[PDB]
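Enquirer: Starting off with a structure, shown below.
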There are 2 protein chains.
Amino acid sequence: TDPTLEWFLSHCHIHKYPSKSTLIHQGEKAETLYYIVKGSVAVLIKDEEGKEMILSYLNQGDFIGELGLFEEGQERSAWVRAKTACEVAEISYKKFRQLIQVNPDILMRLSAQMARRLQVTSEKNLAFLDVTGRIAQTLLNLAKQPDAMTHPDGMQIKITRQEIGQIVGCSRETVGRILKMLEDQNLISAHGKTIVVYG
Amino acid sequence: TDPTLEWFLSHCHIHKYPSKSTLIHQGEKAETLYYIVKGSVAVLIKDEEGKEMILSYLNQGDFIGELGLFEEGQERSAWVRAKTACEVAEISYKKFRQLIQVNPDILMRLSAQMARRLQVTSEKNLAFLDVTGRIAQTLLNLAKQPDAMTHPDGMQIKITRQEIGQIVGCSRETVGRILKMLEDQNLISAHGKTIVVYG
């Protein structure tokens, strides 16, 4: 059992959100503070060219819209929507601040993840971003070449890591540093001399 | 004045650091937890070969390795040095964990900082990363121009939002969004026609 969680939730209101239903709409005045008891949700924005862009998926046990607890008035840059029928608890920010006085443990939890949530995004300057822009261009251009292969996901090209570095003007390593990053962004794919560009 | 920051301060050792003196080394043993009372530091890393490729820039009102606090173990890759001569207060994780109980307010400001770092992360395709590389390049070359200003943090140049768009080949809005990002990353600062390039 979980002494705190159970206490915490006895101060929250749990409701169900059928898939695709929206939990928080975008310029809403933040005052909660949502805790996912079960199921998953998505954080969406619209980029230039008004396409839905997924910022993150949040799963059971995670919290929703902190960033509004430490920023009065703060709105909701990007709005929360359910992906699967899920139960979510929500508590007045005002009342939550009271819980923290009583037993500052829950605060520890939420405080948590984030951290485990940051320890995953980071370990990542101007000089660096420049090369990242150049390499992305090289791959973008090669996909439009007549010698490009057609891939179910997009276009597949042929080039060595050293060739990328020679073209852009960087070490073979810097290429791997960037290729790995781009690959983690689900934008490209690297295996030997074969590289595939998505979209 | 800042009460919750005044108590939390009396409960820990504040250290002075001359510029270019390292605070945190690689492989460390995470048990702190520093708070920059005054000045600025730089999160470095030594790369493939060598080259201190930098990583960040933390200033007054910042916590350090706050990720270590949670989750036993963790020393501790990363790195830290003082850019300018700065005063840094530090406290053992375990004592802090006790203070959290005494007055949780300080756990607020630690969580607050973590929240802000999430904001920056979520706000991140190939085409976009390409433009980001070109824009940084324009700012990079201009700071080396004879008509650049001497700024305490680096070099300050003169250019409008639309001028950058014309050079790179993007909308006036695209420049706006990218300038926001780069300023949040602590690489530049924008104020009207004035743009200052750090470093």
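The way I read the labels, and the way they are meant: chains A, B, ... in the order of the structure tokens, residue 1 as the first residue of every chain, and ligand 1 as the first ligand shown, with later ones counted on from there.
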Please determine the contact residues of chain A with respect to chain B at a cut-off of 9 Å, counting only C-alpha atoms, and supply them as a PDB file with C-alpha atoms, in the first residue's frame.

Expert:
ATOM      1  CA  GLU A  48       3.888  26.568 -38.107  1.00  0.00           C
ATOM      2  CA  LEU A  55       5.292  17.199 -26.933  1.00  0.00           C
ATOM      3  CA  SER A  56       5.039  14.206 -24.627  1.00  0.00           C
ATOM      4  CA  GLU A  66       2.845  21.556 -12.785  1.00  0.00           C
ATOM      5  CA  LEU A  67       4.529  24.653 -14.096  1.00  0.00           C
ATOM      6  CA  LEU A  69       2.000  25.688  -9.373  1.00  0.00           C
ATOM      7  CA  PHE A  70       5.099  27.889  -9.363  1.00  0.00           C
ATOM      8  CA  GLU A  71       3.821  30.436 -11.886  1.00  0.00           C
ATOM      9  CA  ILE A 100       2.304  20.189   1.342  1.00  0.00           C
ATOM     10  CA  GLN A 101       2.275  21.720   4.814  1.00  0.00           C
ATOM     11  CA  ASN A 103       2.819  16.018   4.785  1.00  0.00           C
ATOM     12  CA  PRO A 104       5.350  17.378   2.318  1.00  0.00           C
ATOM     13  CA  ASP A 105       5.912  13.847   1.023  1.00  0.00           C
ATOM     14  CA  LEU A 107       5.413  17.082  -3.024  1.00  0.00           C
ATOM     15  CA  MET A 108       8.511  14.887  -3.021  1.00  0.00           C
ATOM     16  CA  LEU A 110       5.781  14.901  -8.108  1.00  0.00           C
ATOM     17  CA  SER A 111       8.914  16.866  -7.476  1.00  0.00           C
ATOM     18  CA  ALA A 112      10.432  13.498  -8.435  1.00  0.00           C
ATOM     19  CA  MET A 114      10.285  15.552 -13.385  1.00  0.00           C
ATOM     20  CA  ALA A 115      13.866  15.016 -12.294  1.00  0.00           C
ATOM     21  CA  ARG A 116      14.002  11.475 -13.603  1.00  0.00           C
ATOM     22  CA  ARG A 117      12.105  13.243 -16.380  1.00  0.00           C
ATOM     23  CA  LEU A 118      14.937  15.745 -16.852  1.00  0.00           C
ATOM     24  CA  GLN A 119      17.766  13.270 -16.330  1.00  0.00           C
ATOM     25  CA  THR A 121      16.463  15.289 -21.599  1.00  0.00           C
ATOM     26  CA  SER A 122      19.750  17.103 -21.278  1.00  0.00           C
ATOM     27  CA  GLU A 123      23.176  15.549 -21.536  1.00  0.00           C
ATOM     28  CA  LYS A 124      22.787  17.183 -24.925  1.00  0.00           C
ATOM     29  CA  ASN A 125      25.794  25.729 -27.782  1.00  0.00           C
ATOM     30  CA  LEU A 126      25.706  28.030 -30.814  1.00  0.00           C
ATOM     31  CA  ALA A 127      28.744  26.408 -32.434  1.00  0.00           C
ATOM     32  CA  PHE A 128      27.068  23.038 -31.920  1.00  0.00           C
ATOM     33  CA  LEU A 129      23.665  24.065 -33.296  1.00  0.00           C
ATOM     34  CA  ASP A 130      25.341  25.389 -36.436  1.00  0.00           C
ATOM     35  CA  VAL A 131      26.756  21.988 -37.386  1.00  0.00           C
ATOM     36  CA  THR A 132      23.429  20.384 -36.473  1.00  0.00           C
ATOM     37  CA  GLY A 133      21.731  22.702 -38.963  1.00  0.00           C
ATOM     38  CA  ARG A 134      24.262  21.915 -41.684  1.00  0.00           C
ATOM     39  CA  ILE A 135      24.103  18.122 -41.333  1.00  0.00           C
ATOM     40  CA  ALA A 136      20.301  18.181 -41.398  1.00  0.00           C
ATOM     41  CA  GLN A 137      20.529  20.089 -44.671  1.00  0.00           C
ATOM     42  CA  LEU A 140      17.592  16.786 -46.641  1.00  0.00           C
ATOM     43  CA  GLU A 173      32.910  11.962 -34.076  1.00  0.00           C
ATOM     44  CA  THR A 174      30.903  15.187 -34.069  1.00  0.00           C
ATOM     45  CA  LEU A 182      18.875  13.103 -34.762  1.00  0.00           C
ATOM     46  CA  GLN A 185      14.522  12.514 -32.331  1.00  0.00           C
ATOM     47  CA  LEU A 187      13.949  11.997 -37.647  1.00  0.00           C
TER      48      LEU A 187
END

Enquirer: Running DSSP on the backbone, which parts of region 42-174 of chain B land in alpha helix (DSSP H), as number ranges by chain?

Expert: B: 93-102, 105-122, 126-142, 161-168, 172-174

Enquirer: Among region 2-199 of chain A, which residues carry a DSSP assignment of strand (DSSP E), reported as JSON, numbers by chain?

Expert: {"A": [13, 14, 15, 16, 17, 34, 35, 36, 41, 42, 43, 44, 45, 46, 52, 53, 54, 55, 56, 57, 58, 63, 64, 79, 80, 81, 82, 86, 87, 88, 89, 90, 149, 150, 151, 154, 155, 156, 157, 158, 188, 189, 190, 191, 194, 195, 196, 197, 198]}

Enquirer: Using only C-alpha atoms, which residues sit within 9 Å of region 80-83 of chain B once same-chain residues fewer than 5 positions away are excluded, as an mmCIF file with N, CA, C and O atoms, in the first residue's frame?

Expert:
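Written out: result.cif:
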data_model
loop_
_atom_site.group_PDB
_atom_site.id
_atom_site.type_symbol
_atom_site.label_atom_id
_atom_site.label_comp_id
_atom_site.auth_asym_id
_atom_site.auth_seq_id
_atom_site.Cartn_x
_atom_site.Cartn_y
_atom_site.Cartn_z
ATOM 1 N N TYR B 17 34.342 31.542 -5.275
ATOM 2 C CA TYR B 17 35.049 30.864 -6.350
ATOM 3 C C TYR B 17 35.598 31.859 -7.362
ATOM 4 O O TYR B 17 34.839 32.608 -7.979
ATOM 5 N N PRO B 18 36.929 31.874 -7.530
ATOM 6 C CA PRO B 18 37.553 32.705 -8.551
ATOM 7 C C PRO B 18 37.241 32.153 -9.938
ATOM 8 O O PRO B 18 37.160 30.940 -10.115
ATOM 9 N N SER B 19 37.058 33.037 -10.912
ATOM 10 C CA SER B 19 36.705 32.608 -12.260
ATOM 11 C C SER B 19 37.677 31.557 -12.789
ATOM 12 O O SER B 19 38.879 31.623 -12.535
ATOM 13 N N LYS B 20 37.141 30.589 -13.525
ATOM 14 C CA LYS B 20 37.951 29.542 -14.142
ATOM 15 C C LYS B 20 38.378 28.450 -13.160
ATOM 16 O O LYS B 20 39.148 27.555 -13.511
ATOM 17 N N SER B 21 37.871 28.521 -11.934
ATOM 18 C CA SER B 21 38.112 27.465 -10.957
ATOM 19 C C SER B 21 36.947 26.480 -10.948
ATOM 20 O O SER B 21 35.794 26.869 -10.764
ATOM 21 N N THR B 22 37.256 25.203 -11.150
ATOM 22 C CA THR B 22 36.225 24.173 -11.226
ATOM 23 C C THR B 22 35.537 23.932 -9.885
ATOM 24 O O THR B 22 36.186 23.898 -8.840
ATOM 25 N N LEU B 23 34.218 23.759 -9.929
ATOM 26 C CA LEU B 23 33.437 23.435 -8.740
ATOM 27 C C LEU B 23 33.164 21.939 -8.668
ATOM 28 O O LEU B 23 33.462 21.291 -7.665
ATOM 29 N N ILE B 24 32.591 21.393 -9.736
ATOM 30 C CA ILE B 24 32.269 19.974 -9.785
ATOM 31 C C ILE B 24 33.063 19.263 -10.877
ATOM 32 O O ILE B 24 33.092 19.709 -12.024
ATOM 33 N N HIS B 25 33.705 18.157 -10.513
ATOM 34 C CA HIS B 25 34.485 17.371 -11.463
ATOM 35 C C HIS B 25 33.672 16.173 -11.953
ATOM 36 O O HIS B 25 32.624 15.856 -11.392
ATOM 37 N N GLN B 26 34.157 15.509 -12.997
ATOM 38 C CA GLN B 26 33.503 14.303 -13.497
ATOM 39 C C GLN B 26 33.670 13.129 -12.537
ATOM 40 O O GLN B 26 34.666 13.033 -11.820
ATOM 41 N N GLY B 39 26.705 35.517 -9.275
ATOM 42 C CA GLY B 39 27.613 35.194 -10.371
ATOM 43 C C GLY B 39 27.058 34.196 -11.371
ATOM 44 O O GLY B 39 25.842 34.087 -11.545
ATOM 45 N N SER B 40 27.956 33.465 -12.026
ATOM 46 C CA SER B 40 27.574 32.508 -13.063
ATOM 47 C C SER B 40 28.586 31.373 -13.194
ATOM 48 O O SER B 40 29.774 31.550 -12.917
ATOM 49 N N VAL B 41 28.105 30.210 -13.621
ATOM 50 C CA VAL B 41 28.955 29.041 -13.820
ATOM 51 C C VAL B 41 28.706 28.424 -15.189
ATOM 52 O O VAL B 41 27.773 28.810 -15.890
ATOM 53 N N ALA B 42 29.538 27.457 -15.564
ATOM 54 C CA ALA B 42 29.418 26.807 -16.866
ATOM 55 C C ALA B 42 29.487 25.285 -16.757
ATOM 56 O O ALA B 42 30.452 24.735 -16.231
ATOM 57 N N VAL B 43 28.458 24.611 -17.263
ATOM 58 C CA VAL B 43 28.420 23.154 -17.267
ATOM 59 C C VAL B 43 29.171 22.612 -18.477
ATOM 60 O O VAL B 43 28.637 22.587 -19.586
ATOM 61 N N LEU B 44 30.410 22.183 -18.266
ATOM 62 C CA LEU B 44 31.225 21.653 -19.353
ATOM 63 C C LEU B 44 31.146 20.133 -19.441
ATOM 64 O O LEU B 44 30.322 19.508 -18.775
ATOM 65 N N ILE B 45 32.010 19.549 -20.265
ATOM 66 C CA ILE B 45 31.974 18.117 -20.525
ATOM 67 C C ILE B 45 33.244 18.051 -21.353
ATOM 68 O O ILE B 45 33.601 19.024 -22.017
ATOM 69 N N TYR B 57 24.820 27.375 -18.832
ATOM 70 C CA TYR B 57 25.186 28.621 -18.173
ATOM 71 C C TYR B 57 24.202 28.901 -17.045
ATOM 72 O O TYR B 57 23.096 29.381 -17.290
#

Enquirer: State, in Å with one decimal place, the distance from CA of residue 32 (chain B) to CA of residue 93 (chain A).

Expert: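 Rounded to one decimal, the two atoms are 29.6 Å apart.
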
Enquirer: After fitting chain A to chain B over all Cα atoms matched in order, what RMSD is left?

Expert: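 So the superposition leaves a C-alpha RMSD of 5.9 Å.
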
Enquirer: Could you check which of A:61, A:27, A:154, A:50 is closest to residue 73 (chain A), using only C-alpha atoms?

Expert: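 Of all the options, A:27 lies closest to residue 73 (chain A).
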